[PDB]
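> fold the following.
(chains A, B, C, D, E, F, G and H)
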Amino acid sequence: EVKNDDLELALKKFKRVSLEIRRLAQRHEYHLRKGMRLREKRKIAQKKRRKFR
Amino acid sequence: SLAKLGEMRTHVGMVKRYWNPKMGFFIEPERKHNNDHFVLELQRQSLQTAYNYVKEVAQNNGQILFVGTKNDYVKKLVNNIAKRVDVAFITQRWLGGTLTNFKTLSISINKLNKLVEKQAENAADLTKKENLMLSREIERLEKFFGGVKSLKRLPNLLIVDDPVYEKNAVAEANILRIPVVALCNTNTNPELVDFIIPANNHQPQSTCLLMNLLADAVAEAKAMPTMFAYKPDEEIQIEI
Amino acid sequence: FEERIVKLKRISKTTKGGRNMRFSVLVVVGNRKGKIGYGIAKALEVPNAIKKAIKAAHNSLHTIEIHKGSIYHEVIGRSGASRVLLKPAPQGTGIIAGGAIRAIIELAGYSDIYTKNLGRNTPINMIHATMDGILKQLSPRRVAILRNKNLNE
Amino acid sequence: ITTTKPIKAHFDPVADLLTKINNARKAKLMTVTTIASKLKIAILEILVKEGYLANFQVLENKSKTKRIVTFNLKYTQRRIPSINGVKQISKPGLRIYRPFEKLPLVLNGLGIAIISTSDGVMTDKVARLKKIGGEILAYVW
Amino acid sequence: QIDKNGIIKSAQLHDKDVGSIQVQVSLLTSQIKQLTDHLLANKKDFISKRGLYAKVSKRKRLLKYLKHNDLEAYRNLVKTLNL
Amino acid sequence: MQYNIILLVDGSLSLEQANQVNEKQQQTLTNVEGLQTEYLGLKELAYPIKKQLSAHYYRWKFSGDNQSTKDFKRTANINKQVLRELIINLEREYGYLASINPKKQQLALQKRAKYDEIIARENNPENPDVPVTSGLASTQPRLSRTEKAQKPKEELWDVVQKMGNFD
Amino acid sequence: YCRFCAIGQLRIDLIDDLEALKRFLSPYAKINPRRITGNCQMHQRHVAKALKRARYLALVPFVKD
RNA sequence: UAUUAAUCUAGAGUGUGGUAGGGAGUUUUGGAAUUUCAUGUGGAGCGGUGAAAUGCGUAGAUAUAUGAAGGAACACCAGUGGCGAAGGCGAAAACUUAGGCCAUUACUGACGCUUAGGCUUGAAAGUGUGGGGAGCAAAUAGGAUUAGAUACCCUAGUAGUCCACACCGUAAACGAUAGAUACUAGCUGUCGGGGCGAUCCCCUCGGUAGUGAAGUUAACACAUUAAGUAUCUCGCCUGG
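Numbers count the residues shown, from 1 in each chain, chains lettered A, B, ... in the order given. Right below this line is the structure:
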């Protein structure tokens, strides 16, 4: 994930990218299950269909 | 004439994809562009039935109400109804029970009138904070009783601008034995009103016409000049 | 307008300290002319709850037809899963029923009836089920007129 | 009356009749369709003769093999349907056969029973009079 | 590879009959052989094992009917896989 | 059985070795043929895929017997000159509808939509208009006619009037 | 904004409509969900398979731009 | 009620045209990333929770960057989901390919469905054999809050987890909803088919879901896939 815009604007655009990577890769330090993975996929689908629509 | 095709300039149209099976009778099914269109002939026949029934009720000399609970359009319509024929009417909040429960509301409106009479008789006999509280209470009673304060007796017949918009009115009318006249919409249900008329409130061409003709029925019943119900196309009161 | 009571339910709602006792009552109103009306209400004490239930019941009065004044067709009434079965008793076998069932049957103007209450013994749903069972019966005239065949046989 | 589409066969035809009629009165429908048997056409005709349901049309496509029937439900001027809920008596696995001595009268002389005794569909009164008993098919009152 | 049309035009009884009980049982037997090769190649195919049982016992039902109703209708059908 | 093959050659090497890869893969397909020899030039590979960071893209679309796939994949993976050997068949699911000429309007209007940046178009890439004629061709026909008729029945008109009169 | 029912090709494979497949692909080498693409989802799931193939084919990086 | 004969299919299903899906199993490949190995550097920390601690570490640990071996599963794509006999399936691909979907007029022509008997599968754990322990982790070892504590947590680590023959043939096997047949709105929203159009906003019929009419239920709540409507069948609950 490269971000090259300016001296500081590159990091301003990289803020969202870093947030996305942190939220995506945070699930490799605790217990999880594949059925629960599909469960949480459905849950986030419902969340984005109700709030983000 | 009486809900003639011309009088409804363009009253067809409603929200996208909301229609009951037995509302497929008075309102044709979903359009290619997702619009429930209100038919004209069935509107005319239903309004003819409602017109004759309200005419014979007025011959019976019962008490009626023209409901203007809606913000501006129907409120102005019922104001015109009242200025054309003198009749008790409700424009503010139709309370959740004012016909099945009206005893403690009769005493409430009597307290209101008595307090106004006393204030007319009174001229600053107390501290002004108590007068401020007096006006406070008067306006508190007005903001709930502002619609229902002109009738001292239960109505023998009532009209409705929308069956879902007047749930309290239709509920209190079904508690009693008075028939209901309403302007049903395709999102409403037709198993609730004693006189189902496919008149749109979103499209004003139907509701304005029906309010004017309901006024005119009791106007001609009272032997006074009649404004509408004989014109091929009445006043175009299209709301913006 | 007898406004006869059938059962009072001892109830209490928990609140911030103590328990508010607002025991409910259920009454049946009739005027010896076949009029029937059931009403359930509640208040702090007995008289207020009784008066409220009386008003609620008398607000709607219903009369049922009498022909061969038993439940001339076997029928079981359920209101909230309470079995109350009424079956035709001949006019010379004598009335055999339960107390609440006897009250409901005799208030309607009927005669000897073959009744049977089942399962639960909570009188509120007993009265509701008995009312539903007795009031859902159709008259011979009803089918005689609704059907094209005028003869009722 | 051309169907323009053939209906799908049920597990049993009398239960198809019951389901179609009950869902028609439940969905506020006035026309019902069912298979066409000599027994079933006879039962529909005898139901019509006793004022329970309206006109019936037997529809044959190219042979008696593919035959159905579409019948309207009776609706009195009071908007009350004459069909108070049809029921079957000749139930698959619950085939109840009553002799002439065991022919009953429906809810104490209010309803009509359909009895095919020995030659065809017969109403309750004629079945008692004909001193012949047999199968009881359906109950409509 | 399902043998969709090939097995159907073979055992026809009449001029135009693409659903003949004979051709239904022929299709069922062809699919049973194919799904048996499937099962021996794939021992852990549970869905296909269930489908194979369904097909084979429906073939048994169809054979029972074809013997029950008309002799000639299964006089030309004696090729059912056995032994 | 429909078949596609995508070949990726070893690294950023010259197109001559890409043609050598073509020749090598020619003999791998024993008798099932129909392939078309096309090249997509040199395209980079973003992440290290097997050992390389770029390749030359080739596609061969044959059809026929489906047994000449496993051997192709193994001989192309064993050979160092190929890094991707991919073969596509029915497990890839797509459309080949017999009635595709009614979609030519879509063919023209999406290319118009992809060229919506010109002023000469009024239709947006997502524009609600409902232009379909709603053809069905979805009725199972049957020829039948009535045989009996008895007891005509009628009812009142469907406008409820409570008590019918209040005079 | 569909790109395969709109184009009417109806034929999805590896390399014949790659730009149409990438129309649902963000520059971040990630595909937008159904709630963002809003298409018939036959073509969107075909995009899913085709671009996961592309990641396997190293057309677009796994975790990179 | 059951049988007899055949044409009609209209459910059993079948044909032609199309057809979505991570179905399943078997097979093929790949490395983003970690560990070992290779190059190094570097100074005093790393490891981590509730505060920390066990533990690794001056011999070079943690870190720092890629590369061969290794094996796990394959960020987004992922759907008010699809498929799937519930069970379960998400890098990609192939073989068999089950079943989902309509246009299904056409087609043997009642053949049918449940189904105790029986057959199969039913996650995963664990475990007999052959592997890796790279990574994880039951058991295990330590520190730690509980009055201890085996229980929260953290660190490591054997079988095992992962693969194949597989076994236990058990579940929170959940839609806590047995199947098959015929029918029942609307609407909310995901999907398939045919049809015809730019795609959504088009129709029809279905798969998986919901609010909700009639209908049903003890209410919550089912509601087109019923717990409905009726049928058919099997099994079970007649108190803990």
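> tell me the contacts of residue D:139?
Taking C-beta atoms under 8 Å, 6 or more residues apart in numbering or on different chains, we find residue D:139 in contact with D:86-89, D:106, D:111, D:113-114. Heads up, the C-betas are built off the backbone N, CA and C, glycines and all.
> most neighbours among these, which one?
Among the contacts of residue D:139, the one with the most neighbours (other C-beta atoms under 10 Å in any protein chain shown) is residue D:114, at 25 neighbours.
> isn't that one up against residue D:135?
No. Between residue D:114 and residue D:135 there is no contact under C-beta atoms under 8 Å: 9.2 Å.
> from residue C:147, how far out is whichever residue of chain D sits closest to chain C?
Residue nearest to chain C within chain D (C-beta to the nearest C-beta): residue D:51, separated by 2.7 Å. As judged by C-beta to C-beta, to the nearest Å, residue D:51 and residue C:147 stand 4 Å apart.
> which one's more surrounded, those two?
Neighbour count, other C-beta under 10 Å: between residue D:51 and residue C:147, residue C:147 has more, with 23 against 20.
> OK, contacts around the more buried one?
So residue C:147 contacts D:50-52, D:74, D:82 (C-beta under 8 Å, 6+ apart).
> quick check, nearest of these to residue G:23?
Residue G:23 lies nearest to residue D:74 out of the contacts of residue C:147, by C-beta to C-beta, at 60.9 Å.
> residues contacting the residue nearest to that closest one when sequence neighbours are not counted?
Using C-beta to C-beta, 6 or more residues apart in numbering or on different chains and skipping residues adjacent in sequence, the residue nearest residue D:74 is residue D:82, 3.7 Å away. Going by C-beta under 8 Å, 6+ apart, residue D:82 touches C:146-148, D:51-53, D:73-76.
> close to RNA strand H, is stretch D:62-82?
Yes. Judged by C-beta under 7 Å from any atom of the strand, stretch D:62-82 comes into contact with RNA strand H at D:62-63, D:65-68.
> apologies, that question was intended for stretch F:52-69.
Yes. Contact of stretch F:52-69 with RNA strand H (C-beta under 7 Å from any atom of the strand) involves F:66-67, F:69.
> figure out the length between the terminal residues of that stretch.
End-to-end distance for stretch F:52-69: 24 Å, by C-alpha to C-alpha, to the nearest Å.
> now do the buried residues in that stretch.
Neighbour-count burial for stretch F:52-69, counted by 16 or more other C-beta atoms under 10 Å in any protein chain shown, picks out F:52, F:54-62, F:68-69.
> filter these by proximity to chain A?
Of the residues in the buried residues of stretch F:52-69, proximity to chain A by C-beta under 8 Å from any C-beta of the partner chain holds for none.
> residues contacting whichever residue of chain E sits closest to RNA strand H?
When distances are taken as C-beta to the nearest atom of the strand, chain E reaches nearest to RNA strand H at residue E:19, 2.2 Å away. Counting by C-beta under 8 Å, 6+ apart, residue E:19 touches residue E:8.
> for the closest residue to residue B:237 other than its chain neighbours, which three-state class applies?
Leaving out its chain neighbours, the residue that sits closest to residue B:237 by C-beta to C-beta, 6+ apart is residue B:208, at 3.9 Å. Three-state call for residue B:208 (DSSP: H, G, I helix; E, B strand; the rest coil): helix.
> and residue B:208, how many residues sit next to it?
With other C-beta under 10 Å as criterion, residue B:208 counts 26.
> list the contacts of it.
Counting by C-beta under 8 Å, 6+ apart, residue B:208 touches B:73, B:77, B:234-235, B:237.
> swap the cut-off to 10 Å and go again
Going by C-beta atoms under 10 Å, 6 or more residues apart in numbering or on different chains, residue B:208 touches B:7-8, B:11, B:73-74, B:76-77, B:80, B:199, B:228, B:234-239.
> using a markdown table, lay out the residues of stretch F:52-69 next to RNA strand H together with secondary structure.
Listed next are the residues of stretch F:52-69 next to RNA strand H as a markdown table, based on three-state DSSP:
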| residue | secondary structure |
| --- | --- |
| F:66 | coil |
| F:67 | coil |
| F:69 | coil |
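> up against chain D, what does chain C have?
Chain C comes close to chain D at residues C:67-68, C:70, C:72-75, C:88, C:137-153, as judged by C-beta under 10 Å from any C-beta of the partner chain.
> now those residues: which count as buried?
Buried residues within these, counting neighbours by 16+ other C-beta under 10 Å: C:70, C:72-73, C:75, C:88, C:137-138, C:140, C:143, C:146-149.
> tell me the two of the residues you listed that are most distant?
Across these (C-beta to C-beta), the longest gap, 28.4 Å, separates C:70 and C:148.
> follow-up on the earlier one: closest to chain C out of the residues of stretch F:52-69 next to RNA strand H?
For those, the nearest to chain C is residue F:66 (61.9 Å; C-beta to the nearest C-beta).
> excluding its backbone neighbours, what's nearest the closest one?
Going by C-beta to C-beta, 6+ apart, residue F:66 has residue F:1 as its nearest residue, at 4.5 Å.
> try residue C:118
Leaving out its chain neighbours, the residue that sits closest to residue C:118 by C-beta to C-beta, 6+ apart is residue C:83, at 3.6 Å.
> next one: phi and psi at the one you found?
Main-chain dihedrals, residue C:83, degrees, to the nearest 10: phi -80, psi 120.
> where's it relative to chain B, distance?
Shown here: residue C:83 relative to chain B, a distance of 31 Å by C-beta to the nearest C-beta, to the nearest Å.
> which residues are in contact with each of residue D:114 and residue D:135?
Taking C-beta under 10 Å, 6+ apart as the criterion, residue D:114 and residue D:135 both touch D:89-90, D:121.
> so which of those are also by RNA strand H?
Checking these against RNA strand H (C-beta under 7 Å from any atom of the strand), the matches are residue D:90.
> which strand or helix spans the residue lying closest to residue C:68 once chain neighbours are set aside?
Leaving aside its sequence neighbours, residue C:68 sits nearest to residue D:108 (C-beta to C-beta, 6+ apart; 6.9 Å). For residue D:108, there is no host helix or strand (DSSP states H and E).
> distance-wise, check residue F:144 relative to chain A.
Relative to chain A, residue F:144 is positioned 47 Å away (C-beta to the nearest C-beta).
> in the longest helix along chain G, what's buried?
For chain G, the helix that runs over the most residues, judged by DSSP state H, is helix G:42-56. Within helix G:42-56, the residues that count as buried by 16+ other C-beta under 10 Å are G:42-44, G:46-47, G:49-51, G:53-55.
> got a markdown table for those, with distance to chain A too?
What follows is those, written out as a markdown table (distance: C-beta to the nearest C-beta, whole Å):
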| residue | distance to chain A |
| --- | --- |
| G:42 | 18 |
| G:43 | 19 |
| G:44 | 14 |
| G:46 | 20 |
| G:47 | 18 |
| G:49 | 18 |
| G:50 | 21 |
| G:51 | 17 |
| G:53 | 21 |
| G:54 | 18 |
| G:55 | 15 |
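> of the residues you listed, list those near chain F.
When contact is defined as C-beta under 10 Å from any C-beta, those meet chain F at G:42-43, G:46, G:49-50, G:53-55.
> among the buried ones among the residues of chain C next to chain D, which are located in strands?
Mapping these onto strands (DSSP state E) picks out C:75, C:88.
> quick one: which of the buried ones among the residues of chain C next to chain D is nearest RNA strand H?
Closest approach between those and RNA strand H, by C-beta to the nearest atom of the strand: residue C:75, at 13.7 Å.
> list the beta-bridge partners for that closest one.
Here residue C:75 sits in beta bridges with residue C:86, as judged by DSSP bridges.
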